[PDB]
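Colleague: Below you'll find the structure I mean.
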Amino acid sequence: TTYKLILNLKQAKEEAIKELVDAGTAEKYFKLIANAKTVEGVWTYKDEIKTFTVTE
């Protein structure tokens, strides 16, 4: 399963492509790095194509 990431906080948003075997290990790994990079505003998630996003 392909998992995309789009975070919005700084002057620009972040982008990353990670396709794991399922949606858990990928949902966690993305949440880890994402939460470590930049996260403070509101958390959004698209259930249309599996994509985690953290907007300000």
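Each chain in the structure tokens gets a letter, A, B and so on, in the order shown; residues start at 1 in every chain, and ligands are counted from 1 in the order they appear.
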Using only C-alpha atoms, which protein or nucleic acid residues come within 9 Å of segment 22-25 of chain A? Drop anything in the same chain fewer than 5 positions from it, and give the result as a ChimeraX atom specification.

Modeller: /A:1-3,30,50

Colleague: If you measure from atom CA of residue 19 of chain A to atom CA of residue 44 of chain A, what distance in Å do you get, rounded to one decimal?

Modeller: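 Distance reported for this atom pair: 18.8 Å.
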
Colleague: Determine, counting only C-alpha atoms, which protein, DNA and RNA residues have an atom within 12 Å of an atom of residue 16 of chain A; residues of the same chain fewer than 5 positions away are not included. Present the result as a count of residues only.

Modeller: 15

Colleague: Given the choices A:21, A:27, A:47, A:40, which gets closest to residue 8 of chain A if the distance is worked out from only C-alpha atoms?

Modeller: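 So, comparing all the options, the nearest one is A:40.
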
Colleague: What does the structure give for the distance between atom CA of residue 10 of chain A and atom CA of residue 46 of chain A, in Å to one decimal?

Modeller: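 Interatomic distance, atom CA of residue 10 of chain A to atom CA of residue 46 of chain A: 20.6 Å.
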
Colleague: Can you list, as a VMD selection string, all residues belonging to chain A that DSSP tags as helix (DSSP H, G or I)?

Modeller: chain A and resid 25 to 37

Colleague: Give me, as a list in words, the residues of chain A that a backbone DSSP run labels strand (DSSP E).

Modeller: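 Of chain A, only residues 2, 3, 4, 5, 6, 7, 8, 13, 14, 15, 16, 17, 18, 19, 42, 43, 44, 45, 46, 51, 52, 53, 54 and 55 of chain A fall in strand (DSSP E).
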